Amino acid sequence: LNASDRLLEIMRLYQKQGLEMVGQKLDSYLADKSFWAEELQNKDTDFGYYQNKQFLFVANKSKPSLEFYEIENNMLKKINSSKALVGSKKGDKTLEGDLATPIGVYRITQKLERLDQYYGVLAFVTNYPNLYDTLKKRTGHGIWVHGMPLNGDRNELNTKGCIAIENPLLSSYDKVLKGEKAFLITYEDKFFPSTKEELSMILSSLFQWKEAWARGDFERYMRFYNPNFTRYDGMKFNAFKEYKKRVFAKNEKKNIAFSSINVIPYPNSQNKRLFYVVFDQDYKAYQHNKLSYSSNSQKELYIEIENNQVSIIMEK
């Protein structure tokens, strides 16, 4: 019914008004919650939305366990899962030396191999502290996913924060990964999944925010920002709002494109509905029809849904 009509509309528009208006039409779909609701409806969405192929570790601190997944077309393929050794401290990591495995969403940045035998066949390095941790002034470093001792020793019951699993299993995950980055979701006790409604609200808001930003609609853009907002460099809501008003008043032409978007539910002490959003951004600005600024960057947002409203709490 509407599939034939939607296609025809695009096809007519392409010939009558050109490819640019086709692009604008497709953008209006990406900004529509009901578009995402339809698009997400038969996807495996519990661990979030993943535009392209991605790999996901999921750690339950309490059990403790480590699961590993392939995600393609937002469909999950569980590779394996085992028991795991974790830090001895419950709740959050906040301080160097505090013995906690952090709770939240992290990134595996690299693989170390020339290690002490304690660490097993390899260590996958997480990015603790992540942006959220950093803006909350939490300290420490060197939280890794690694193996059991090559010594045979199997003395400890608890790590000092790292996550440890059996070495044959670990090497299998490495073989699947093939040097690609992976996400890590670490939670405590119970995991509350991202729903399709939440993802549809976040995704549709993301594209609305982008359109408001690009088109220069100041009041619409600012509405996405939580009054508690912190920018990656420490800037707070009022200074940010002030700076953006000035910038928007220039009315520069801007083309902004997002790609490889991921939206991942962010486990937290208070069970607020927090999400981590990460994507690549191609940003271009113009002055009197000439390119004045261009960048290609990795953007990060932390987003809250509260009282059924989406807001940005942190941005890089």
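All residue numbers refer to positions in the sequence shown, first residue = 1.
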Margin query: Please compare 206 to 214 with 138 to 146 and name the stretch with the higher mean C-alpha B-factor in the deposited structure.
Written below: 138 to 146
Next item on the list: Quick one: say whether 118 to 126 or 97 to 105 has the higher mean Cα B-factor in the deposited entry.
Entry: 118 to 126
Next item on the list: Select one of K111, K196, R231, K241: the residue whose C-alpha shows the highest B-factor in the crystal structure entry.
Entry: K111
Notebook entry, point to check: When the modelled residues of the chain are sorted by Cα temperature factor, does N307 land in the lowest, middle or highest third?
Noted result: highest
Notebook entry, point to check: Comparing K33 with the other modelled residues of its chain, is its CA B-factor in the lowest, middle or highest third?
Noted result: middle
Checklist line | Third of the chain's Cα B-factor distribution that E252 belongs to, per the entry | finding: highest
Item checked: CA B-factor placement of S200, once the chain's modelled residues are sorted into thirds -> lowest
Checklist line | Assigned third (lowest, middle, highest) for the C-alpha B factor of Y173 | finding: highest
